[PDB]
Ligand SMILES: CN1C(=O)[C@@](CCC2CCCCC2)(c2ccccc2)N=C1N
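This document opens with one chain alone, in structure tokens, the form solved without the ligand.
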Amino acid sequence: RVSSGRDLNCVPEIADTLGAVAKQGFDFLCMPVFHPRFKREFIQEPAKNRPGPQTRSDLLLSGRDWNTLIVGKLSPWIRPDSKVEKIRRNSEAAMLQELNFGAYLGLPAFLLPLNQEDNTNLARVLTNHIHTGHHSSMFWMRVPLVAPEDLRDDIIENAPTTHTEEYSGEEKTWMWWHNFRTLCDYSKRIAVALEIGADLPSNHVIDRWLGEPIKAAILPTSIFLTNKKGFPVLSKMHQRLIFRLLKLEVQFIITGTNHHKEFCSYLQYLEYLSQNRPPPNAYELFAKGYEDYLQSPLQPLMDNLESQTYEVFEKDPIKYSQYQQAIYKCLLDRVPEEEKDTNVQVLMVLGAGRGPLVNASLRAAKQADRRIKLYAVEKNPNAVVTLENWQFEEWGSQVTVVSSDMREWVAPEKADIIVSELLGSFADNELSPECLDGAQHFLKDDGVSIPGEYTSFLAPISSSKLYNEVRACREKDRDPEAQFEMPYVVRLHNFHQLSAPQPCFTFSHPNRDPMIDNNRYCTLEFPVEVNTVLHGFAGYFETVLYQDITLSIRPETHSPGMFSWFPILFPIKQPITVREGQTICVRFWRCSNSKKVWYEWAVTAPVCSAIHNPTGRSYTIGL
């Protein structure tokens, strides 16, 4: 089901108009709160002293109807960036009046046009409405993919439409929006109602709006092609755009008169497109709810994870068959067939939780036809209760549970294989490098560690939405920009990947090395082909469990149906303009003292940011 409204500029009986619209199947109606042509004067007599009423009564609809069904529209004559001072002054008063009337009514949203370049005074007056009274009304900026000037019929003899591609020029309507929302200080209440035209522009023009807070998509009846039977439809290229907007769950407005049949037909088509799409895959079903939801990354070393947190980890049996296989392959490479009875291998699950890897090790040994000795080292003592109850009931003497920190544990004997899953969304963000370094002393000189290797990846992104979400995490009793100097786990959804992920930090286990130092400093250069705004860097990772067996959340090499891990986000404080052809150069440090580990970062090109999270002031990872 698609949430869909009707846009009208002519309402004689608000009662009948609504009922007609509701019978057609529209969730809501966009309409004028005053008469579109009822121009008003606020300064010059005699016109200023005009006998009221100035508009319709609020009593004509219920409070519930005003709150849910009606979307107000600014009067088309209200032009507060007019060149004429008098029109400017009248429009300011007219705008506030209309917006204040929408507030008085409790309207869910109010529409405003962005149809020229300089909308500076419109932005000013809107900002003032926002800091005057206490109301929850949304504001939908009607702005087109392509300006009417750029799609006009080539029919003025002495003013022909240039037939030269203007790359940045074709994106001008994005800049109309960018300057408006920048002027209004990135208010969460100012969203986009993107208007679509009959001929779509180049892909880079549409792609420009990825990341932007699109709350609606306006479809004029005129853009619909007619088919053999007579219904309205859209071109295959328009549908692609609709399916993309459907992922953003935008509200679809239908503007203009019925050129076609019913009106339900325009609406029925949107339903038909919505019914017939690729269904929500097993990753995306699990992720439904968490789209662009910021979370603190887990620190299972410093904290003790909850029973349900472990339960979540365990709903990914794909991951554990990958762990099963990697262990299975390793057993064969170590224990030759003739030695199978004599030679019992010492496996040590380091950070076992509730023993999914313990079972995967028991099963890998069963499928390999080789004998093993298990140790289940778990730091969390609450999880140890789970193990020790499994261990009494099923496992028996084969599994020895060890309630200790792997770095502290005095082992009775060395290990053939150390298995572990201490990897966060950025791989090393849970301090697996430091953990396994401490456990390294009790690996045999020829011992394997599963995973043998892990690498973190990074990619610059554009989401003015996710920038705003990070911005809203300002908290009492701390640095007022601390929220920008810390990573977030988040299913990135409305965003734009500005360059292919390149690798950041890498660790190998066992770390065969004299002076083991886990601190890092990596410089990356990202080639950017688009005009955009950088707001952060997505983080992913990849790990080699054993040989060709891998786990990955890197989008291009993603391990199949692995919903457990979501990407990580390193935001920046101030968004950076990046032109087509420019290079985003980011710096990342991994740092540590005896007590804590952290990331610092900075963009050095095309302009320098500040160094983010210096000395772990806003974010650290507890050793």
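The numbering used is simple: start at 1 and walk along the sequence shown. In this text, the rigid core denotes the largest set of C-alpha atoms whose superposition between the two forms falls within 1.5 Å.
Keep in mind that the form solved in complex with the ligand is missing from the display, and what follows is about it.
Student: Please work out, step by step, whether the site is open or blocked: first superpose the C-alphas near the site so the ligand is positioned as in the bound PDB entry, then count ligand atoms within 2.4 Å of this form's backbone or C-beta atoms (3 or more = blocked).
Tutor: Judged against the ligand in the bound PDB entry, the pocket is blocked.
Student: If contact means a heavy atom within 4.5 Å, which one of 40-48, 22-30, 568-576, 61-69 is the stretch that engages the ligand in the bound PDB entry?
Tutor: Selected range: 568-576.
Student: Give a yes/no on whether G539 approaches the ligand to within 4.5 Å in the bound PDB entry, heavy atoms considered.
Tutor: So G539 counts as contacting the ligand.
Student: In the bound PDB entry, is there a heavy atom of the ligand that lies within 4.5 Å of any heavy atom of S432, even though the partner is absent here?
Tutor: Yes, contact at 4.5 Å.
Student: With heavy atoms only and a cut-off of 4.5 Å, decide whether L545 touches the ligand in the bound PDB entry.
Tutor: Although the ligand is absent here, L545 would stay clear of it in the bound PDB entry, with no heavy atoms inside 4.5 Å.
Student: In the bound PDB entry, is there a heavy atom of the ligand that lies within 4.5 Å of any heavy atom of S456, even though the partner is absent here?
Tutor: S456: contacts the ligand in the bound PDB entry.
Student: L126, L466, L422, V448: which sits within 4.5 Å of the ligand in the bound PDB entry by any heavy atom?
Tutor: Contact with the ligand in the bound PDB entry is made by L422 alone.
Student: With the ligand left out of view, which of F110, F507, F526, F495 would have a heavy atom within 4.5 Å of it in the bound PDB entry?
Tutor: None of the other options qualify; the answer is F507.
Student: Relative to the ligand in the bound PDB entry, which residues of 589-615 have a heavy atom no more than 4.5 Å away?
Tutor: Only a single residue, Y599, comes within 4.5 Å of the partner.
Student: Quick check on the comparison between the shown form and the other one: with the core aligned, only one of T523, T161, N304, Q275 should show a Cα shift of at least 2 Å. Which one is it?
Tutor: The one that shifts is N304.
Student: Is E98 among the residues whose Cα moves by 2 Å or more between the shown form and the other one after superposition of the rigid core?
Tutor: No; that C-alpha moves by less than 2 Å between the shown form and the other one.
Student: Please determine whether the C-alpha atom of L194 is displaced by 2 Å or more between the shown form and the other one following superposition on the rigid core.
Tutor: Where the cores coincide, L194 shows only a C-alpha shift between the shown form and the other one that is less than 2 Å.
Student: Look at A427 and decide if its Cα position differs by 2 Å or more between the shown form and the other one after superposing on the rigid core.
Tutor: Yes: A427 shifts by at least 2 Å between the shown form and the other one.
Student: Look at the CA atoms of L423 and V597: state whether they lie closer or farther apart in the bound PDB entry than in this form, given a difference of 3 Å or more.
Tutor: Farther apart in the bound PDB entry, by 3 Å or more.
Student: Over in the other structure, so in the bound PDB entry, do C585 and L423 pull closer or drift farther apart at the C-alpha level? The difference is 3 angstroms or more.
Tutor: Compared with this form, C585 and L423 lie farther apart in the bound PDB entry.
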